[PDB]
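Novice: Chains as they are written, first to last, in PDB author numbering: chain S, 2 to 64; chain D, 88 to 114, 120 to 430; chain O, 53 to 155; chain C, 36 to 167; chain B, 55 to 274. Ideal Cβ positions, reconstructed from N, Cα and C, are used throughout, including at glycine. To start, I am sharing the structure in question, which I have written as C-alpha cells.
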RNA sequence: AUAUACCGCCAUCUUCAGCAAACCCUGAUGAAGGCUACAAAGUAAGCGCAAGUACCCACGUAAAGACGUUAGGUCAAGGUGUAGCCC
Ligand SMILES: [Mg+2]
Ligand SMILES: [Mg+2]
Ligand SMILES: [Zn+2]
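Here's what the structure looks like:
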C-alpha cells in the first residue's frame with residue numbers, strides 16, 4: 002500500500018512516486034483532483050522552531 | 088498385552104519429553125513418522141488381499157487371496173528398507189542456505205517477498221534482506237531477565253522503492269515477519285540517475301554516523317559498506333561509493349542512508365529551481381554538451397554568476413586522495429563483484 | 053571443437069540464464085577482506101579442488117579466443133577492461149587463459 | 036491444575052474438534068457419551084463386558100483405519116445389534132474403504148457373536164470446532 | 055465503459071470551477087461570520103504567520119484575502135471528491151458544535167466523527183472494522199485541535215494513510231500536514247455554522263451535478 | 001536405576017484475574033513506551049474469570065478456576081526415553 006512516512010514529502014509526492022515505481026497498482030480517487038487543482042502549499046511536514054536571535058514574527062500591528 | 092497399547096502421538100509425546108522440568112526453562121531426539129512408508133494390507137506374512145493392497149481385477153478377473161513367496165517377500169522387505177534409507181538420507185540432507193555477510197551472521201540473508209496484502213495486494217516484486225539481529229534483555233521482577241529479538245529488515249523492489257523496519261518479538265521468525273510486513277508500509281522512493289546511481293554526492297551526519305556517498309559512472313560497482321551494498325541492491329543502485337565514519341550503528345546507518353537518498357535533488361528539480369539547462373559534460377564524450385535537464389517553465393536569461401572561487405566545504409579525505417597523499421593499505425583493494 | 057555452441061545450448065541457459073557464469077560464485081576466505089590473489093589453479097594433478105572457480109566448475113566452458121560470448125562476461129562492457137581475478141573469482145591459471153583469449 | 040481430557044491453549048493454532056475442545060465436566064451438558072448401552076443403567080448387568088468390548092472395538096477400528104478416522108467412534112447397542120458410526124477422511128480410495136468395511140464387519144461379528152454394522156460418514160478434512 | 059468513465063470523470067477536471075463554488079461565499083460573508091477573528095498573539099502558531107493579516111490589540115486577525123483563495127480551493131476539491139462518489143469524513147472534537155456537525159453530515163449523505171477518536175481508526179482500520187473496509191477518500195476538519203490544544207491525531211493518521219484533508223486552521227493551529235488548509239476562526243458559532251453550510255452546499259451541489267451528468271450521459 | 005528424560009493424573013498460590021497471540025502508534029524507527037470519560041493511541045481474537053449448567057430459585061453449594069510458581073508428587077496404575085540384569 003501507500004507509504005506511511007508522513008514526515009517525508011507530502012501525500013501527493015509519496016503517492017506519485019509509488020505509482021511511478023509501480024508499487025501502487027492504481028492511483029487513488031483523489032490523485033487526479035490534486036493534480037488538477039493543487040493547493041497553494043504542498044503539505045510537506047515541517048517542524049516548528051522557536052525564534053532565538055534578532056529574528057521576530059513579521060506580524061505587524063494594526064493601527 | 089493389548090489394552091495397554093496407546094497411539095503413536097501419545098507415545099511420541101511421552102518419549103520426546105517436549106515438556107517437563109528440563110524443558111520448562113532449559114535448566120537429542122526428534123519425532124519420526126512410521127506411517128509415511130507403510131501401505132495398508134502389507135504384513136510380514138506377505139499376503140495379497142484383493143482390493144486392498146493388490147488390484148482387485150487381474151486380466152479382467154476377480155483376484156483371489158494370494159501369498160507372496162519367501163524370495164518375493166524378501167524382495168519386498170528389501171524395497172521397503174531401501175525406500176526408508178533413501179527418505180532418511182533425503183531428510184538428513186538439506187539445500188544449503190546462502191550465507192550473508194558471514195557464515196554465522198544474519199545480515200544480508202534474504203527472507204523472500206513479504207506476505208501478500210489483504211485487499212488483493214502482492215509484493216512478489218519486493219526482496220527482503222536482514223541487516224541486524226540483536227538479542228535484547230530487560231530486568232523484570234516477575235521473570236528475572238526477559239529475552240527478546242530486535243531485527244532490522246530492509247525491503248526493496250529493485251526499482252527505487254525501498255524501506256526499512258524494526259521488528260520486536262519473542263520468536264526470531266515472528267520478528268522477521270513483523271519487520272518485513274511493516275517495512276512495505278514505509279517505502280521511500282529513491283530517485284536514481286539513469287536508473288543506476290545517485291543524482292549527486294550526499295554528505296550527511298545522522299546522529300553520530302557520517303555517510304559520504306559519491307556518484308559514480310556505470311560499471312564502477314558498489315564500493316560501499318556491506319549494509320549499504322545490500323540496501324542499494326534493494327533500491328536498484330548499481331554504481332556508487334559510500335564511506336561511513338564515526339559510529340557504525342546499523343540502525344543509525346540505515347536511517348541516515350535513507351534520509352540522504354530521499355532528500356537528494358534530481359536534475360529536473362535543479363533545472364526547475366534555477367531555471368537553467370542542466371548540461372552534462374563527459375570525458376568519454378569529449379566536449380559534447382549533453383542537456384540532461386531543462387526547466388519546465390520559462391528559461392532564465394541571467395548568465396548566472398561566474399563564481400571565481402566556490403565557497404564549498406570540502407572533505408579532507410577526498411582532497412588527500414585526489415592529491416595522492418593518502419596511502420592507506422586498505423583503499424582500492426581488489427574485492428569480489430558487488 | 054565449438055565452445056560457443058555450449059553458450060548457444062539450452063543447458064547453459066537453464067544453468068546460468070542471462071547472468072554471467074560467475075554471478076553465483078562466492079569465494080570462501082578468512083575475514084571480510086579477501087586475499088588480493090585468487091587460487092593458483094582449481095585443477096591440481098587432474099583433480100578438482102573444493103569450490104572450483106566458475107570456469108573450472110563447468111567443464112563445458114572452454115576458454116577459447118573464438119568463444120567471444122564467454123569472454124564478454126569477463127570484460128567490463130562500460131569500460132572495456134578485463135576484470136581482475138578476485139572480481140570474478142576465477143583462478144590465476146584460468147584468469148591468464150582468459151586474458152590471453154581476450155587479447 | 037486439572038490435566039484430565041483437556042486441550043491446553045498455547046498459541047491459538049492447534050485445531051480441535053467439538054469432542055476435544057470440551058472438558059469432562061461438559062459430558063452431561065455439551066457432549067453426549069460416545070457409547071450408548073444399557074449396561075450402566077440401574078439394575079442392569081454386564082457393564083464390565085460392554086466396557087471391555089467398547090475399548091477393544093475402539094482400539095481395533097483405530098488400527099484397521101490408519102489415519103482415516105476423523106474423530107472418535109460412536110458405538111450404539113440395540114438388542115444384540117452393534118453399530119459403529121465412524122467419521123472418516125476422504126484420503127483413502129473407496130475400494131479400500133469397502134474392503135475394510137466388509138472385513139471389519141465380518142470379523143467383529145464372528146468375534147463378538149453379534150450382528151456388527153459399520154456406518155462411515157466421510158468428511159473432506161477433520162472438522163475444526165475452534166483453535167487452541 | 056471508457057466513453058462513460060472519461061466523459062463523467064475527467065471532464066470536470068477541464069474546468070477551473072466546474073461546480074461554481076465561488077458563488078457560495080464572499081469576503082463580506084466571511085467577515086460577517088467573524089471568520090477573520092483569531093486568538094491572542096501569544097497563542098499564535100509559527101506556521102500560521104503567513105495567513106495572518108496582522109495583530110489588532112494583541113489579537114490576531116486572519117487575512118480574508120488568503121482565506122478566500124484557500125476556501126475556494128478547499129470547496130472545489132471537496133466538490134470534486136463528492137462528485138467522484140468519494141467518502142467524506144468530517145472530524146471535530148469541539149463538543150459545542152458536535153451535534154450540529156453530525157446533523158450536517160447526515161444531511162449531506164457523508165460521514166462524521168466528532169466523538170473521542172480511538173487509537174487507530176485509520177492506521178488500523180483493517181483490524182478494527184474489517185479487511186475489506188473502505189477508508190474515507192477525504193477528511194474535513196472543522197477543528198484541527200483536540201481538547202488539550204494539541205493537533206488532532208486524525209491529521210497525522212490521514213497523512214500516514216495518504217488521505218487528503220481539508221481543514222479550518224485558526225491562528226494556533228498547525229497547517230503543515232493539512233492538504234487544503236483554510237485559515238479561519240474555528241470558535242465563533244457563526245464561523246462554524248458558515249463552514250458547515252458551505253461544505254454541505256458544496257457536497258450537495260456536487261452530488262446533484264453528478265446525478266445530472268450521469269442521467270444526461272444515459273440519455274445520450 | 002533415573003519423576004533432574006516424559007506421557008499420564010494431580011498438589012500449590014487459586015478463598016487468584018490475569019495470561020495473551022495478532023496488529024497500530026510514540027521515542028529522529030535506541031535498550032523502550034502506549035494513562036486521562038467534559039477523554040490526550042491504542043485495538044484486541046483467543047484463554048481464564050464471567051456467563052451458561054447440575055442440585056432446591058434468580059440465592060447458595062458444587063463444578064469450574066488460564067498463564068505461570070515450587071527441576072513440587074507419582075518410572076510401584078499403566079505406557080515410554082535413557083542405562084542395566086538375561087543360569
Ligand atoms: Mg563458518
Ligand atoms: Mg480557535
Ligand atoms: Zn579454476
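Got a sec: which bits of the region 124-139 of chain D sit with their beta carbon under 9 angstroms from any beta carbon on chain C, in order along the chain?
Specialist: Cβ contacts with chain C: 127, 130, 132 and 133.
Novice: For the region 305-316 of chain D, list every residue whose C-beta sits within 9 angstroms of some C-beta in chain O, in sequence order.
Specialist: Listed by position, the residues of the region 305-316 of chain D near chain O (Cβ gap below 9 angstroms) are 309, 310, 311, 312 and 313.
Novice: Does chain B have any CB closer than 7 angstroms to the CB of residue 32 of chain S?
Specialist: No, because no Cβ of chain B sits closer than 7 angstroms to the Cβ of residue 32 of chain S.
Novice: Any idea what DSSP makes of residue 189 of chain D, helix, strand or coil?
Specialist: Coil.
Novice: Identify the contact partners of residue 362 of chain D in chain O, using a Cβ-Cβ distance below 9 angstroms as the criterion.
Specialist: Residues of chain O passing the Cβ test: none, with the nearest at roughly 25 angstroms.
Novice: Hey, is the region 141-149 of chain B in contact with the region 181-193 of chain B, meaning 3+ C-beta pairs nearer than 8 angstroms?
Specialist: A contact exists between the region 141-149 of chain B and the region 181-193 of chain B.
Novice: Tell me the DSSP bridge mates of residue 315 of chain D?
Specialist: Paired residues: D/333.
Novice: Do we get a CB-CB distance below 7 angstroms when we pair residue 45 of chain S with the residues of chain D?
Specialist: Not closer than 7 angstroms to any Cβ of chain D, the Cβ of residue 45 of chain S fails to qualify, so no.
Novice: Please name the residue or residues paired with residue 234 of chain B in a DSSP beta bridge.
Specialist: According to DSSP, which records beta bridges pairwise, residue 234 of chain B is partnered with B/220.
Novice: Within 10 angstroms of its Cβ, does residue 145 of chain O collect 16 or more other Cβ (buried), or is it exposed?
Specialist: So residue 145 of chain O ends up on the buried side.
Novice: Runs of 4 residues minimum, wholly inside the region 40-112 of chain C: which ones carry the alpha helix (DSSP H) assignment?
Specialist: You should have 82-99.
Novice: Which partner residues of residue 257 of chain D appear in the DSSP bridge assignment?
Specialist: D/245, per the DSSP bridge assignment.
Novice: Taking residue 166 of chain C as the reference, give the member of C/43, C/67, C/49 and C/41 with the closest Cα.
Specialist: Of C/43, C/67, C/49 and C/41, the residue nearest in Cα terms is C/49.
Novice: Under 9 angstroms Cβ-Cβ, which residues of chain S neighbour residue 114 of chain B?
Specialist: Residues of chain S passing the Cβ test: 60.
Novice: Could you check which residue in D/224, D/180 and D/176 has the C-alpha nearest to that of residue 196 of chain D?
Specialist: Nearest option by C-alpha distance: D/224.
Novice: Note down the Cα distance separating residue 10 of chain S from residue 64 of chain O, rounded to an integer number of angstroms.
Specialist: Taking the straight line joining both Cα atoms gives about 47 angstroms.
Novice: Give every residue whose Cβ lies closer than 5 angstroms to any heavy atom of ligand 2, listed in chain order.
Specialist: Going along the chain, the residues that qualify are B/224, B/240 and B/241.
Novice: Less than 7 angstroms between the beta carbons of residue 110 of chain B and residue 63 of chain S, yes or no?
Specialist: The answer is yes: Cβ separation under 7 angstroms.
Novice: Kindly indicate if chain D contains any beta-carbon less than 7 angstroms away from that of residue 131 of chain C.
Specialist: So, interface residue.
Novice: Specify which residues have a beta carbon nearer than 5 angstroms to any heavy atom of ligand 4, listing them in chain order.
Specialist: Looking for ligand 4 in the displayed structure turns up nothing; the ligands present are ligand 1, ligand 2 and ligand 3.
Novice: Applying the 10 Å Cβ sphere with the 16-neighbour rule, what's the burial state of residue 249 of chain D?
Specialist: Classification for residue 249 of chain D: buried.
Novice: By the 7 angstroms beta-carbon criterion, what residues does the region 251-279 of chain D contribute toward chain S?
Specialist: So the close ones are 251, 252, 253, 277, 278 and 279.
Novice: Mark residue 167 of chain B as exposed unless 16 or more other C-beta atoms lie within 10 angstroms of its C-beta, in which case mark it buried.
Specialist: That one is buried.
Novice: Taking the alpha-carbon positions, what's the residue 81 of chain O to residue 174 of chain B distance?
Specialist: Computed Cα separation, rounded: 50 angstroms.
Novice: Can you list, in chain order, the residues of its chain whose CB lies under 7 angstroms from that of residue 193 of chain D, leaving out five sequence neighbours each side?
Specialist: Correct list, in chain order: 199, 200 and 318.
Novice: Is the beta carbon of residue 219 of chain B sitting closer than 7 angstroms to the one on residue 93 of chain B?
Specialist: Against a cut-off of 7 angstroms, the Cβ pair of residue 93 of chain B and residue 219 of chain B comes out as no contact.
Novice: Do residue 13 of chain S and residue 130 of chain B count as a contact pair if the criterion is CB distance below 7 angstroms?
Specialist: No, they are not a contact pair.
Novice: Kindly list, in the order they appear in chain D, the residues whose Cβ is closer than 7 angstroms to that of residue 2 of chain S.
Specialist: Near residue 2 of chain S (Cβ distances below 7 angstroms), the residues of chain D are 209, 213 and 277.
Novice: In chain order, what residues of the region 146-162 of chain D put their CB closer than 7 angstroms to some CB of chain C?
Specialist: Hits within the stretch, in order: 148.
Novice: Report the three-state DSSP secondary structure of residue 139 of chain O (helix, strand or coil).
Specialist: Here residue 139 of chain O sits in helix by DSSP.
Novice: Could you check whether the region 250-260 of chain B touches the region 64-78 of chain B, counting it as contact only if at least three pairs of C-beta atoms, one from each stretch, sit closer than 8 angstroms?
Specialist: With the cut-off at 8 angstroms, the region 250-260 of chain B and the region 64-78 of chain B touch.
Novice: Residue range of the beta strand (DSSP E) that residue 165 of chain B falls in?
Specialist: First-last of the beta strand (DSSP E) with residue 165 of chain B: 165-167.
Novice: Per DSSP, what kind of secondary structure is residue 345 of chain D in: helix, strand or coil?
Specialist: Residue 345 of chain D falls in the helix class under three-state DSSP.
Novice: Between residue 185 of chain B and residue 210 of chain D, is the Cβ-Cβ spacing less than 7 angstroms?
Specialist: Yes, the pair counts as a contact, with Cβ atoms nearer than the cut-off.
Novice: With C-beta atoms as the reference, is residue 332 of chain D less than 7 angstroms away from residue 282 of chain D?
Specialist: Not a contact, by the Cβ cut-off of 7 angstroms.
Novice: Could you tell me the distance, in whole angstroms, from the CA atom of residue 72 of chain O to the CA atom of residue 121 of chain O?
Specialist: Going from the Cα of residue 72 of chain O to the Cα of residue 121 of chain O covers about 10 angstroms.
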